[PDB]
Amino acid sequence: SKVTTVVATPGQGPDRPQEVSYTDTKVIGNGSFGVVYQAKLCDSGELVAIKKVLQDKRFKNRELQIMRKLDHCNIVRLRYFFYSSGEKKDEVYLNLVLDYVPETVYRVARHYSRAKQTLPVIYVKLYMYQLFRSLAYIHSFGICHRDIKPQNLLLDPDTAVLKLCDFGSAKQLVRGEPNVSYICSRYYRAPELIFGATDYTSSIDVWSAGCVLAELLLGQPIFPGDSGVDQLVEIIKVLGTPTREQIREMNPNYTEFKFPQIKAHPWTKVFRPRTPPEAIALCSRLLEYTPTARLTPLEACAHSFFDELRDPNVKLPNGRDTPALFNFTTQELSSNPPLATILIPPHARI
Ligand SMILES: CS(=O)(=O)Nc1ccc(CCNC(=O)c2ccc(O)c3nc(-c4ccc(Cl)cc4Cl)[nH]c23)cc1
């Protein structure tokens, strides 16, 4: 166990490096983006996750920045950050020291998925509500995850506390500037995004969150497809054919069009015979073609589907009480304060 000692900068305080050392270093994730390690901090003896990434060098790392601003109880925390290396031309490697969380909605989904069962609705609420709330947070700052997917929804089992991770493909959408295109993922990219948009809002994250809720309600991605265009061929078969009235609102210079003129089969039949009325409705007001027609994270939190969480007797399947689900800050209420008369129930404080 080599006690690796480095120079780190508190992603929380100002900018004043102090020696931090760790150990137990063990890889736990490698791929598309990052080489997420796992380690014990020689001091607190705590658990953490080091997210090793290539440091642009000639430019400023966006992930590190967006990460330093944040500080929401439902978004993996940035403890420290330090640099590493390799060789050749000496590409620098940025190290993000973060809060170690175990499972994920992904690993959790792939589990009930091979048990022909499904995530009990009460858990779905706790996970989704907590996700939508984190969204409500970053978005209030104009930041867009642009990659809300089951894989980046970390979740601590014995707490049912979901923290959003991987802010790599996340950028701050500013109005009056076209964003190219490249981003998000396969099963969780939005329609406008497949129609190659460029003036798309944060509403895209709502669409990715929308899917995840649909997937958790079916035990399989709702809009499969490995090919973008082929994917839409599937979205339509579910939601229905997108009118010029819609394709227009989606923004596209698609002055033309020619796709599967299929007549949709109601959300009451897409979801298994048991899906409760509201979890279906919430999904309907989530998965819509018109970007400016979808629920806003804040409103999503206040969808009837999460009432059970606003009930004085919310019994947590684990035993101990449910996560701090109401400490809404003025910032998260930013988009529509009035909804505080719904989000913070009559028995809440702090
Ligand atoms: C094939 S895939 O699964 O679609 N690819 C893929 C997509 C997204 C991610 C999450 C990004 N990771 C973090 O930032 C990240 C950040 C802070 C953590 O404390 C932490 N703990 C994990 C993790 C836990 C359990 C297991 Cl079994 C595996 C991992 Cl990696 N990831 C993280 C990992 C892999």
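Residue positions begin at 1 at the first shown residue.
Cβ coordinates are placed from backbone N, Cα and C, and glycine is handled just like the others.
These come from Swiss-Prot:
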- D147: active site, proton acceptor (ACT_SITE)
- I28, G29, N30, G31, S32, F33, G34, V35, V36, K51: ATP binding site (BINDING)
- 22-306: domain 'Protein kinase' (DOMAIN)
- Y182: phosphotyrosine (MOD_RES)
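Each residue contributes its Cα atom, and for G34 (ATP binding site) and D147 (active site, proton acceptor) those atoms are 15 Å apart. In sequence order, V36 constitute the residues six or more apart from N30 (ATP binding site) in its chain with CB-CB distances below 8 Å. With a cut-off of 8 Å between CB atoms and residues at least 6 apart in sequence, the same chain places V36, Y37, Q38, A49 near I28 (ATP binding site), listed in sequence order. Listed in sequence order, the recorded positions among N30, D147, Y182 whose CB lies under 6 angstroms from an atom of ligand 1 come out as none at all.
Between the recorded positions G34, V36, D147, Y182, the minimum number of other C-beta atoms within 10 Å of a residue's C-beta occurs at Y182. On the backbone, the CA of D147 (active site, proton acceptor) and the CA of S32 (ATP binding site) stand 13 Å apart. The CA atom of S32 (ATP binding site) is located 14 Å away from the CA atom of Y182 (phosphotyrosine). Apart from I28, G29, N30, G31, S32, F33, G34, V35, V36, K51, the ATP site neighbourhood in this chain, defined by C-beta within 8 angstroms of the site C-beta centre, holds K52. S32 (ATP binding site) is surrounded by 10 other CB atoms, counting those within 10 A of its CB over all protein chains shown.
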